[PDB]
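Asker: Would you mind keeping the following structure in view while I ask a few things?
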Amino acid sequence: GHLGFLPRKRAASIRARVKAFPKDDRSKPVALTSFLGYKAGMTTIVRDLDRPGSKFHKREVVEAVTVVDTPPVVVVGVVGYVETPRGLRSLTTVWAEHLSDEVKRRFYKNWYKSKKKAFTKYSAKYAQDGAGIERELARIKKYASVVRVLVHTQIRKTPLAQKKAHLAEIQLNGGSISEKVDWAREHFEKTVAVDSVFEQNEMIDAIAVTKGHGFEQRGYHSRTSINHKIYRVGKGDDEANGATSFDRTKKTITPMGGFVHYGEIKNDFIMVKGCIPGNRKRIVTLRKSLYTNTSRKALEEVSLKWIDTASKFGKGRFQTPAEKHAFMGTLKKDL
Amino acid sequence: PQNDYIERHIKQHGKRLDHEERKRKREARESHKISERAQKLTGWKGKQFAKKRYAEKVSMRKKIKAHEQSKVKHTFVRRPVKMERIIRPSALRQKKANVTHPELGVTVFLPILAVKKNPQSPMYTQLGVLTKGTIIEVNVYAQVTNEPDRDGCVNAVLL
Amino acid sequence: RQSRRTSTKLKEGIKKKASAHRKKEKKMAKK
Amino acid sequence: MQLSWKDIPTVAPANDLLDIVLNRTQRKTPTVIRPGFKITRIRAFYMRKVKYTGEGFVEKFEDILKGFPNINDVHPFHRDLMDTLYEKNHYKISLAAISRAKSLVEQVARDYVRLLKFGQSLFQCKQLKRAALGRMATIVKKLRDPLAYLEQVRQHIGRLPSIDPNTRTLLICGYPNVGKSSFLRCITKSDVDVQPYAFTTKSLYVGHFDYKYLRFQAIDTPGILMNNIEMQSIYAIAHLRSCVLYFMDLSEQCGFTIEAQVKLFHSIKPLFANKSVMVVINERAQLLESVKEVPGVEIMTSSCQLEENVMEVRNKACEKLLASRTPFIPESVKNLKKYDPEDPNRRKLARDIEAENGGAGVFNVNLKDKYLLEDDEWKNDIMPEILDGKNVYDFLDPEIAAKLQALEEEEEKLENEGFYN
Amino acid sequence: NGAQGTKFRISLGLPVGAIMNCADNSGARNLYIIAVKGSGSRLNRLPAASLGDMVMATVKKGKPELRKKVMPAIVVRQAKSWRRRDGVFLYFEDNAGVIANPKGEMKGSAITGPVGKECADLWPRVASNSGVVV
RNA sequence: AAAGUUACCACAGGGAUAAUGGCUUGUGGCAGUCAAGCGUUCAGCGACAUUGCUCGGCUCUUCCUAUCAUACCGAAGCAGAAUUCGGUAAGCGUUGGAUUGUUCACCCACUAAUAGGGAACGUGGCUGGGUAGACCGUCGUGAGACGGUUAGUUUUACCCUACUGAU
RNA sequence: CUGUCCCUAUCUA
RNA sequence: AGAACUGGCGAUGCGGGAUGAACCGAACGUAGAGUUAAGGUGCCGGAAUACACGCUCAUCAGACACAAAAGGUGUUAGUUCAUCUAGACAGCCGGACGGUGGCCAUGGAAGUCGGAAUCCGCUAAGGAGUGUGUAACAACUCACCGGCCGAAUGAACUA
């Protein structure tokens with residue numbers, strides 16, 4: 001067993017809030033420290049191994065990498081945290097005066113019966129001659145010692161049927177807390193690209209709730225996995241995302257017939273080797289190593305050779321419908 | 001691995017430049033380290049250290065006095081007949097005893113011949129017990145002075 | 001660490017042992 | 001072993017050995033019991049502790065006996081060498097003392113264990129155990145002198161040379177103070193200075209050298225003029241299969257006259273006559289004819305202050321001991337200069353490039369820019385090798401343009417006939 | 001000695017007590033596994049060998065000279081499916097092994113049958129006496 | 001001619017026991033000198049070294065250090081390697097199969113090593129080796145053999161609760 | 001020769 | 001352990017010792033006021049964080065007869081002896097001799113591998129030499145004295 005993981009009780013919520021954030025270099029440029037996403041099945045990857053010393057140097061190796069759907073994240077507010085003897089305290093919060101229907105639904109448990117008066121009063125007062133928002137911004141700039149940004153996922157841009165977004169706070173690691181809120185102000189109602197927070201070969205640590213198992217209570221507990229390298233970052237509009245520099249085949253990373261228990265990838269996604277806690281359709285948050293863990297394995301780049309995108313349901317001998325048609329040829333139902 | 005090279009190497013190249021200083025400092029600190037050990041050591045280690053220090057002090061005092069002297073110028077065995085179930089294991093039977101002569105500075109290990117008078121019982125004499133004070137005879141009378149039951153040996157002094 | 005509590009059984013045994021030792025000392029006045 | 005007994009375990013003095021055994025007994029075995037415990041339990045506990053102490057003593061004694069080599073049961077050369085340094089009878093008596101102590105300890109342990117089981121009270125068992133421990137200590141205590149002697153001889157034997165009499169060898173003999181070790185310095189790796197006083201070498205020195213690829217080594221001796229230092233040389237000369245070289249000083253050095261040296265050599269002749277002797281001279285020279293009366297001895301007139309004849313003597317000693325379609329070579333190889341390791345300007349090997357780049361575990365050899373190509377512009381090969389699930393390597397070939405043109409011609413000849421409709 | 005790298009945790013399917021054909025001309029017919037050197041002692045686990053592992057075995061069949069003796073053996077065939085680094089899973093025809101001294105020198109002048117690539121790359125002497133590598 | 005004697009006195013008669021007071025551990029016994037000081041002045045005793053022979057064996061968990069390995073340090077003829085002791089140190093580990101006239105003597109191997117114990121009738125969480133209360137009476141030649149009477153009681157429990165989870 | 005076991009996993013009522 | 005004698009327990013509440021059968025106090029009708037015992041006076045706990053003379057800094061001290069004979073460059077108070085302006089102890093500068101490398105033991109030993117002598121000659125005092133090392137000396141150190149030096153101090157024992 002492992003007494004450190006006890007109690008093995010149910011998680012507080014599906015969204016496992018991040019307990020700790022990486023170091024805060026107050027001189028670096030403002031940037032986000034975490035990103036949201038949804039697990040989308042898994043796939044096999046074969047690539048060369050540029051790793052001196054290892055016997056498999058200059059050799060191809062088969063590996064399994066998970067695929068997480070990461071639609072562009074949109075910022076809706078910021079949180080200012082002051083330092084107190086009883087720990088960090090949130091003194092105030094602000095909003096963008098405009099909230100997508102997803103977050104508005106997130107604030108209601110019975111949406112269709114609700115009057116949808118989520119933020120009408122606050123928005124009306126926001127449209128005054130200031131003095132209500134600038135006051136809070138100045139208060140945060142003065143007293144707050146650390147600033148966190150509130151964002152939500154674009155569920156309506158996801159093939160899932162949840163139709164509800166999840167609020168999450170992300171710490172800002174870069175410039176002084178005044179520069180932090182100044183940068184946040186320019187990003188209210190804006191969207192942050194997935195490739196801006198992470199890049200290829202970068203190591204990340206995932207945090208999510210694992211698959212539940214019911215009475216044995218087992219599963220459905222929060223877990224953290226560290227030292228996961230990013231193999232490739234793609235975009236929904238970037239056709240042939242599964243086309244490596246070698247494969248160069250105009251095929252998307254989405255498996256033939258769609259993912260198992262999941263839809264199709266038509267948005268930005270992050271590819272990282274190994275598995276991640278949780279299952280498909282589970283919301284996952286991504287952190288970056290919590291520290292300078294830049295080992296040789298992290299430092300070395302991973303030049304992808306081929307990406308598996310065959311039919312994950314059952315088995316598969318072809319990666320695209322064109323290959324199946326060419327190999328099988330014409331059929332009775334074709335003509 | 002040929003000869004005394006380590007001494008030869010030391011002579012031809014010298015010891016550490018501070019080896020003598022380290023030894024001198026260690027010897028100087030020994031005065032306080034001894035006290036610290038006498039005050040810090042606990043348990044059996046403290047007992048051993050105290051005993052060793054006492055022995056060293058006694059030896060030093062004796063050496064000083066000697067220099068000053070020169071400065072002037074269990075039992076014993078179809079033989080049983082009428083004895084009841086009082087069987088005596090053979091392990092308790094010893095045939096030889098340690099005999100010492102009070103008038104001579106020589107001791108001889110000799111067999112036990114016969115028990116003369118075991119105190120504390122006539123039955124003890126009949127059975128040949130070897131309790132303390134028993135008078136015995138040895139093949140050259142002697143009396144046992146120790147308790148064989150508690151040490152496994154039979155020490156006797158010639159009468 | 002050792003307990004400093006004065007056990008009643010131990011305390012009474014101490015008194016009994018002290019009385020026995022005093023008796024022996026009184027009876028040893030033969031020199 | 002037989003070469004150098006450096007593996008013998010240290011012989012802790014009586015006080016140290018007894019302390020170690022008692023500490024092991026007190027630590028490993030339990031020591032907590034009460035008068036209210038079962039009588040059989042207490043008896044078993046005490047018997048187990050006594051047996052553990054006896055087993056520890058027996059193991060220590062057996063290890064000491066086994067590690068130490070039995071002088072009588074060793075090679076005669078090594079046997080006599082040990083006898084000269086350590087009196088053989090004294091060493092045997094010392095070993096017998098350890099054996100007797102071990103036997104007495106075993107007997108005491110067995111007798112007490114047999115008696116201990118009959119203890120009718122805790123106090124009796126404790127007294128019997130204490131008596132057994134006192135007997136063991138007394139047995140160990142009596143061994144203080146033999147234990148100290150064993151420790152000293154162990155610490156001295158480890159540094160002894162690993163002489164190999166069976167191998168062909170040469171022995172440097174002669175008078176002391178004749179610079180006999182100077183020849184050793186200049187013929188092998190050994191290091192002993194002239195030291196103009198005679199008895200510098202209190203022990204034999206050995207040095208290795210190779211001639212004609214055959215293994216050889218030289219043994220130095222203090223010299224002969226009835227003492228341990230001189231005595232050990234006699235057995236080395238006799239038992240060893242090595243040839244013996246006699247060193248003589250043809251000068252005032254060492255004070256001994258040439259006549260005295262020649263007379264001594266003749267007097268010791270009956271001992272090394274069969275060793276294929278040689279004489280090295282480190283009216284005066286007329287007496288050398290008498291020395292030459294032995295057919296097997298030469299006269300190497302020399303002086304050990306330099307290498308005037310050491311080079312020739314090295315080969316002479318070894319000789320005396322032994323007496324007892326066409327290929328294709330590219331012009332590039334013949335023209336390329338040899339890689340001079342000491343020259344800083346030598347061609348930089350992969351080792352230098354790796355060192356300049358980093359450690360062996362971080363620098364990766366790049367095969368690009370090394371292999372030849374038609375054009376170096378695209379040296380960064382990125383060969384896809386896959387196309388729509390098809391193996392390109394199965395299609396890569398030159399002059400495929402003609403095949404494609406033929407296929408196009410076939411397509412044209414089939415389409416005009418209306419094959420497809 | 002003999003090894004030329006660090007162990008790779010391939011699938012294990014040859015626990016103690018297994019029998020495999022002796023794939024060499026040394027005259028031995030089969031080898032009986034008694035222990036697996038270098039393995040970990042788990043609770044109740046039977047030491048399991050694999051391709052390229054050095055284990056101690058006794059010749060249960062063959063000429064009387066090799067019978068009843070114990071010598072190190074190197075596994076050349078496992079017959080159990082295992083994941084190679086080159087993507088596809090593979091398994092050999094049947095269990096087989098060879099007998100050699102701890103220094104890696106094979107007792108037989110030549111090995112027979114296919115030889116696992118992992119064992120060949122880890123035991124250079126085995127590859128020297130091998131004729132069919134995979 | 002018999003009476004005493006007998007601690008083998010044996011068979012019966014009768015009296016009261018026998019069911020940690022800090023226990024426990026590494027250095028013996030008897031004998032002699034060496035002697036802090038006490039012996040009425042100190043009539044006796046007496047430390048340390050010294051001398052003479054001399055029911056085992058299963059399983060999961062917790063804990064102690066009197067620690068086999070891992071970490072650090074000092075000493076040792078420590079040339080290197082390896083090794084021995086000592087000090088801190090219980091954070092993490094301490095093996096897969098066989099011995100059955102006392103199996104505990106003890107098998108052949110792996111592993112860095114395969115450390116010893118407590119867990120109050122310590123537990124069957126665990127297994128079988130074990131080998132089988134008393135009272136009375138009859139026949140009792142000095143000696144054992146047949147009656148008859150009887151005890152076979154921590155126990156189910158939807159009783160208390162630490163637990164692992166869940167409203 | 002067998003899931004007794006290395007080492008457990010799965011289905012049914 | 002045995003013989004005799006005296007209390008406590010019972011046929012005994014109550015107060016204190018945190019808690020009790022062997023400890024201390026204690027003459028039991030229901031009530032009001034004061035004075036006490038053991039036991040206490042920082043809080044739980046009613047009472048001075050009262051006064052005075054000394055003592056302990058303890059890596060689990062301490063607040064109650066036994067593993068107890070000793071050690072500690074851990075503190076404070078003492079007994080005996082001896083030196084102290086003829087210069088107390090300490091710190092340095094010098095000397096630390098001459099027979100003689102005393103006599104034996106030997107490849108070698110001038111004091112310091114070893115056996116016994118450990119003598120005489122001169123000195124304010126200097127060994128057949130206390131320790132480091134050299135094959136062997138050499139040098140260096142104290143055993144001991146003087147020069148600078150400026151007052152009390154050392155050894156064995158008791159609390």
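Chain identifiers are assigned as A, B, and so on, following the order in which chains appear in the structure tokens; residues are numbered from 1 within each chain, and ligands are numbered from 1 in order of appearance.
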Would you list which chain F residues are within 10 Å of chain A using only C-alpha atoms (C1' of nucleotides), as a list in words?

Answerer: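 Taken together, these residues fit the definition: residues 164, 165 and 166 of chain F.
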
Asker: Please return, as a PyMOL selection string, all residues of chain H lying within 10 Å of chain C when only C-alpha atoms (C1' of nucleotides) are considered.

Answerer: chain H and resi 20+22-23+60+64-66

Asker: Generate the output file for the selected residues, C-alpha atoms (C1' of nucleotides), as a PDB file, in the first residue's frame.

Answerer:
```
ATOM      1  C1'   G H  20      -5.960   2.478  47.448  1.00  0.00           C
ATOM      2  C1'   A H  22      -1.210  -1.625  55.633  1.00  0.00           C
ATOM      3  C1'   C H  23       0.929   6.094  54.747  1.00  0.00           C
ATOM      4  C1'   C H  60      15.159  14.351  27.970  1.00  0.00           C
ATOM      5  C1'   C H  64      10.046   9.544  46.034  1.00  0.00           C
ATOM      6  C1'   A H  65      16.244   1.127  49.512  1.00  0.00           C
ATOM      7  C1'   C H  66      19.045  -0.509  44.330  1.00  0.00           C
TER       8        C H  66
END
```

Asker: Near residue F:10, counting only C-alpha atoms (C1' of nucleotides), which residues have an atom at most 12 Å away, once you skip same-chain residues fewer than 2 positions from it, shown as an MDAnalysis selection string?

Answerer: (chainID B and resid 82:84) or (chainID F and resid 8 12 142)

Asker: Quick one, how far is atom CA of residue A:305 from atom CA of residue A:242?

Answerer: 10.3 Å

Asker: Out of F:167, F:153, F:94, F:131, which residue has the shortest atom-to-atom distance to chain E when counting only C-alpha atoms (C1' of nucleotides)?

Answerer: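 So, comparing all the options, the nearest one is F:94.
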
Asker: Quick one: everything within 10 Å of residue B:112, counting only C-alpha atoms (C1' of nucleotides), minus sequence neighbours fewer than 3 positions away in the same chain. Send it as number ranges by chain.

Answerer: B: 76-77, 94-99, 109, 115, 136-139, 142, 154

Asker: Those same residues - N, CA and C atoms - I'd like them written as a short mmCIF file (atom, residue, chain, number, x, y, z; two decimals), in the first residue's frame.

Answerer:
```
data_model
loop_
_atom_site.label_atom_id
_atom_site.label_comp_id
_atom_site.auth_asym_id
_atom_site.auth_seq_id
_atom_site.Cartn_x
_atom_site.Cartn_y
_atom_site.Cartn_z
N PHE B 76 28.82 -36.88 43.50
CA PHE B 76 30.01 -37.66 43.19
C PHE B 76 29.65 -39.14 43.13
N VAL B 77 30.26 -39.85 42.18
CA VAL B 77 30.02 -41.28 42.03
C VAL B 77 31.34 -41.99 41.75
N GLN B 94 30.96 -35.75 38.69
CA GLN B 94 32.30 -35.36 38.27
C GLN B 94 33.32 -36.21 39.01
N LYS B 95 34.27 -36.78 38.27
CA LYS B 95 35.25 -37.68 38.84
C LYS B 95 36.50 -36.97 39.35
N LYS B 96 36.79 -35.77 38.86
CA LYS B 96 38.00 -35.05 39.21
C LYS B 96 37.66 -33.72 39.88
N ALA B 97 38.53 -33.30 40.79
CA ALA B 97 38.35 -32.06 41.53
C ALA B 97 39.66 -31.28 41.53
N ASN B 98 39.54 -29.96 41.67
CA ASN B 98 40.70 -29.08 41.74
C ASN B 98 41.22 -29.05 43.17
N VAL B 99 42.44 -29.53 43.38
CA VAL B 99 43.04 -29.63 44.70
C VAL B 99 44.23 -28.68 44.77
N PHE B 109 45.33 -31.26 39.47
CA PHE B 109 44.00 -31.77 39.17
C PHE B 109 44.03 -33.29 39.32
N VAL B 115 33.91 -39.47 49.32
CA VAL B 115 33.41 -38.39 50.16
C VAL B 115 33.41 -38.86 51.60
N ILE B 136 36.61 -34.61 51.56
CA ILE B 136 36.83 -35.67 50.59
C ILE B 136 38.28 -36.14 50.70
N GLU B 137 38.59 -37.19 49.95
CA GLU B 137 39.94 -37.74 49.87
C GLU B 137 40.39 -37.76 48.41
N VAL B 138 41.68 -37.51 48.20
CA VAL B 138 42.24 -37.39 46.87
C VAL B 138 43.44 -38.32 46.75
N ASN B 139 43.62 -38.87 45.55
CA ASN B 139 44.73 -39.78 45.27
C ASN B 139 46.00 -38.96 45.10
N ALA B 142 41.11 -33.67 51.84
CA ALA B 142 40.84 -32.32 51.35
C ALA B 142 39.36 -32.01 51.52
N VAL B 154 34.95 -28.26 41.02
CA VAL B 154 35.06 -28.74 42.40
C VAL B 154 36.44 -28.32 42.90
#
```

Asker: Quick one: everything within 8 Å of stretch 20-30 of chain F, counting only C-alpha atoms (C1' of nucleotides), minus sequence neighbours fewer than 3 positions away in the same chain. Send it as a ChimeraX atom specification.

Answerer: /B:100,145-146,151,153,155-157 /C:10,13-14,16-17 /D:19,22-23,26,31-35,130-135,137

Asker: Would you mind reading off the distance between atom CA of residue D:171 and atom CA of residue D:289, one decimal, in Å?

Answerer: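 Separating atom CA of residue D:171 from atom CA of residue D:289 is a distance of 23.0 Å.
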
Asker: Tell me which of H:68, H:136, H:148, H:81 sits closest to chain D, counting only C-alpha atoms (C1' of nucleotides).

Answerer: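 Ranked by minimum distance to chain D, first place goes to H:136.
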
Asker: Name the residues of stretch 197-421 of chain D that fall into strand (DSSP E) according to DSSP on the backbone, using the chain letters and numbers of this document, as a PyMOL selection string.

Answerer: chain D and resi 205-211+214-220+243-248+278-281+299-301+386-387+390-391

Asker: Should the cut-off be 10 Å, what would the residue list for chain A against chain E look like, counting only C-alpha atoms, as a PDB file with N, CA, C and O atoms, in the first residue's frame?

Answerer:
```pdb
ATOM      1  N   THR A  44      -0.409   5.207 -30.640  1.00  0.00           N
ATOM      2  CA  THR A  44       0.960   4.709 -30.634  1.00  0.00           C
ATOM      3  C   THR A  44       1.824   5.552 -31.561  1.00  0.00           C
ATOM      4  O   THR A  44       1.390   5.946 -32.647  1.00  0.00           O
ATOM      5  N   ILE A  45       3.055   5.813 -31.129  1.00  0.00           N
ATOM      6  CA  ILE A  45       3.993   6.641 -31.873  1.00  0.00           C
ATOM      7  C   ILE A  45       5.317   5.901 -31.980  1.00  0.00           C
ATOM      8  O   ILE A  45       5.795   5.317 -31.000  1.00  0.00           O
ATOM      9  N   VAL A  46       5.904   5.924 -33.172  1.00  0.00           N
ATOM     10  CA  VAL A  46       7.228   5.369 -33.418  1.00  0.00           C
ATOM     11  C   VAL A  46       8.128   6.505 -33.881  1.00  0.00           C
ATOM     12  O   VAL A  46       7.781   7.235 -34.817  1.00  0.00           O
ATOM     13  N   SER A  54      22.748   5.544 -24.468  1.00  0.00           N
ATOM     14  CA  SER A  54      21.794   4.449 -24.560  1.00  0.00           C
ATOM     15  C   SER A  54      22.156   3.518 -25.712  1.00  0.00           C
ATOM     16  O   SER A  54      22.639   3.946 -26.763  1.00  0.00           O
ATOM     17  N   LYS A  55      21.915   2.222 -25.499  1.00  0.00           N
ATOM     18  CA  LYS A  55      22.195   1.242 -26.544  1.00  0.00           C
ATOM     19  C   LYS A  55      21.340   1.485 -27.780  1.00  0.00           C
ATOM     20  O   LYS A  55      21.770   1.187 -28.899  1.00  0.00           O
ATOM     21  N   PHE A  56      20.135   2.025 -27.600  1.00  0.00           N
ATOM     22  CA  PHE A  56      19.214   2.281 -28.697  1.00  0.00           C
ATOM     23  C   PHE A  56      19.440   3.641 -29.349  1.00  0.00           C
ATOM     24  O   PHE A  56      18.525   4.171 -29.992  1.00  0.00           O
ATOM     25  N   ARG A  59      18.172   4.986 -33.120  1.00  0.00           N
ATOM     26  CA  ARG A  59      17.292   3.852 -33.357  1.00  0.00           C
ATOM     27  C   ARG A  59      15.843   4.290 -33.204  1.00  0.00           C
ATOM     28  O   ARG A  59      15.537   5.236 -32.475  1.00  0.00           O
ATOM     29  N   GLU A  60      14.955   3.587 -33.903  1.00  0.00           N
ATOM     30  CA  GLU A  60      13.524   3.827 -33.804  1.00  0.00           C
ATOM     31  C   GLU A  60      12.952   3.048 -32.627  1.00  0.00           C
ATOM     32  O   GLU A  60      13.361   1.914 -32.360  1.00  0.00           O
ATOM     33  N   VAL A  61      12.001   3.663 -31.927  1.00  0.00           N
ATOM     34  CA  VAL A  61      11.389   3.070 -30.743  1.00  0.00           C
ATOM     35  C   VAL A  61       9.893   3.346 -30.783  1.00  0.00           C
ATOM     36  O   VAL A  61       9.470   4.469 -31.079  1.00  0.00           O
ATOM     37  N   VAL A  62       9.097   2.325 -30.486  1.00  0.00           N
ATOM     38  CA  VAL A  62       7.646   2.448 -30.423  1.00  0.00           C
ATOM     39  C   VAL A  62       7.260   2.915 -29.028  1.00  0.00           C
ATOM     40  O   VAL A  62       7.788   2.423 -28.024  1.00  0.00           O
ATOM     41  N   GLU A  63       6.336   3.871 -28.962  1.00  0.00           N
ATOM     42  CA  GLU A  63       5.900   4.426 -27.690  1.00  0.00           C
ATOM     43  C   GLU A  63       4.438   4.831 -27.802  1.00  0.00           C
ATOM     44  O   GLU A  63       3.917   5.054 -28.897  1.00  0.00           O
TER      45      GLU A  63
END
```
